[PDB]
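Labels below follow one simple rule: chain letters A, B, ... track the order of the sequence lines, proteins then strands, and each chain is numbered from 1.
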Amino acid sequence: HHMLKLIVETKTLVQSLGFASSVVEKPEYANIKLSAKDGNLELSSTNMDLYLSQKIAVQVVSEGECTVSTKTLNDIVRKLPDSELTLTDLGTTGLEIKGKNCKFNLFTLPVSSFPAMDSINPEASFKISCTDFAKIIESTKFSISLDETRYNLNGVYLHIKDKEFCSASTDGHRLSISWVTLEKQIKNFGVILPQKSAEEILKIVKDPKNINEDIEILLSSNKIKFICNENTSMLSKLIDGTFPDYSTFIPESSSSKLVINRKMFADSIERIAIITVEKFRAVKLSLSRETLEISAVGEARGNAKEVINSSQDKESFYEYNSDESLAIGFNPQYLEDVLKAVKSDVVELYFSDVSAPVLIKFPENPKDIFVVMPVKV
Amino acid sequence: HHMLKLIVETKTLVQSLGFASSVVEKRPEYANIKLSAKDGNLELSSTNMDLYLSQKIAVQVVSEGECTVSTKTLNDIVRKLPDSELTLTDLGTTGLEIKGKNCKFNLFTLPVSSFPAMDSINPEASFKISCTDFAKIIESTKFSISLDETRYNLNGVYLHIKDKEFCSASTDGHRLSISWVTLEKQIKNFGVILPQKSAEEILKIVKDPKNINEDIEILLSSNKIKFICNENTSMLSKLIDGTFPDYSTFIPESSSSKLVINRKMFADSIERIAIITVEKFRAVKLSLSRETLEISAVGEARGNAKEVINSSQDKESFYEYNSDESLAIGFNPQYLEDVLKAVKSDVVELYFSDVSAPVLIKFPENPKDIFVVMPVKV
Amino acid sequence: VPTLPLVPXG
Amino acid sequence: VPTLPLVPXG
């Protein structure tokens, strides 16, 4: 026989179904596999290039498996008011979800039609804190290319240089690099994790139940697997391409340096940028020792200017250690993405000429590097 | 000369620009707002083919004058300024200058002579009611307006005065909603059909914290309606050119059985059970008896669901059905949910006749809100 | 899906 | 809109 029957804490099931449904976004056709075994409920969700397995502790009354519609199960569980639920596969009547006052019956689909997770012979595996992994993805997810005709830039480049595990991303206009030290020496490798995989594993490591724990990362030649805090494993395809050598993208020298309050800077850029039009996303930074003017123009819209004066005050800090003036343009979105990536009081910007990239560093955050090309203004 | 220059509290201007932009939405880059500085006030005027909105806010008028700029551009800019007050100055060829402490924006202007002034109204009936009363009346009726545009006369709320009752009714053929307030003063009978978009915008204005505790004046005529909400905001709206059906004939004159049930428990249970249904068959079944109610549903290739509600005199779980006969009758769950959420009430009453006859829905402590909902075959 | 007694329209 | 020295692509 072996028919699934279990009692589960409702809140815990809701959380799991939330992760299961965001995984198959691209969804009336997506199914979730439920497996009750050894005191646990295992929920499996998968698409063309992702496989998510979540285990949660439940009262297993009878071992068994079945699959039902992800959306219908998620939608139903979110609306049940009891603290505990009973799930029971009753065969021809389907999977019964039972609260105190109501019963739902879901049609099931055969378990033989649901794929299991692929098996992997990992050439390399290591553990880092969920906090460290969250930072590296959050400092790099935003500068992935969205152009699908650039296959090798549509992910984050996860790679090892000596004992540092790094994420890099670029789209030709900016580069982001974030890294952490590893405990053990480990073989050099680099893989491009697809965007959707990066976003879903980011959401997993940020869960309050996991954020303070560890994530194990196991590598194979064509697949990457995350096991986040023992009970959640995600196995992801890799993007079939080669991430460019970014070493020449990082400026080796600078002619001038700006130190500025990050919040003040970011708020002013985004404010001045409002006047711009889609055809010309640019703000102009007119930098001098005494002031910075952020200005912008929008065709048939108007023009705008903000003045930031030099200041040694923390809330309004502005220092530009140069006798020369520099007027240089940037896409405001690309500055804003970097300024919002790191919670820092001040930010440093290293310039050369108006057509050379700016290197951006955050002084309390030495393992995060950002490079942003200018635009003609 | 006569060039506009004023200082305005930023939060107040943001509020006004919100109303200016939502009123000229239609199935946004082309909309202009007229700014007029005069006699201690800024008047903001927004308009399209169907409504004219004039807002007055107290400002420091430094120099009287008027100009017009893009509503969207001015809205987007003012929403991102951090100063508690802003300076606005028409600088001619330099445009309209919006100035905070550290930043200046210049907007292109358009000639003021190209901006229409508001029309007037010759009211057949005019009266004032509290904003809370007006809000309730629209809140209880906006949701059952028809969206079928080939039924022009049902695409609005029928605002009307019958024997000192100011009423809104709406219907879409499947449900009817009726909400009213009694007026203090003798007043002539009159009725007009306010278009949905006009109803939505004046509701939003009446719900502003600066207005919700005050009064709105309402003036009705055969070709337009005018609202003056709390003195400083006026909206003039075209009317739908049609004839609202005699909706009184939709109200059941008698019923054979009555259900009294806790409203939240009922609404939550309908919503929960409705989840299993599919687009082709949006229906829940009420199987009513004296001892129990089962709310059930089916969804083709999805599944089925049932919830049991037992009889109870407890307020939190109240269920009473005064009939020895059983009744299985279906409804679109959305149409029941909409009525149940329209009125904050402990319990709700449903009066039934035949399985194919409309249900009358009343809230016992809210006697000036009445709803009728057709059943569906289940 | 029967309609209210609208005349015409139902 | 100049690009980093990606080879090819810039």
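Counting heavy atoms of neighbouring residues, nucleotides and ligands inside a 6.0 Å radius, atom NZ of A:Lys284 does not exceed 12 of them.
We find the OG-CG distance between B:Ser317 and A:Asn101 to be 9.5 Å, quoted to the nearest 0.5 Å. Atoms NZ and NZ, from A:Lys305 and B:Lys99 in turn, are 11.0 Å apart once rounded to the nearest 0.5 Å.
Taking the side chain as every heavy atom from C-beta outward, B:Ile276 and A:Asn105 never approach each other to under 4.5 Å.
Screening B:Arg272, B:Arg302, B:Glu307 for a side chain to side chain contact (heavy atoms under 4.5 Å, CB included) involving A:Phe104 leaves a single residue, B:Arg272.
Heavy atoms closer than 4.5 Å to chain B are found nowhere in A:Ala296, neither backbone nor side chain. Neither the backbone nor the side chain of B:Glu97 has a heavy atom closer than 4.5 Å to any heavy atom of chain A.
In this structure B:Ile275 satisfies the side-chain contact (heavy atoms from CB on, under 4.5 Å) test together with A:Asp75, A:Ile76, A:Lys79, sequence neighbours excluded.
Listed options A:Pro81, A:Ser268, A:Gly94, A:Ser295 were ranked by heavy-atom pairs under 4.5 angstrom with chain B; first place goes to A:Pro81.
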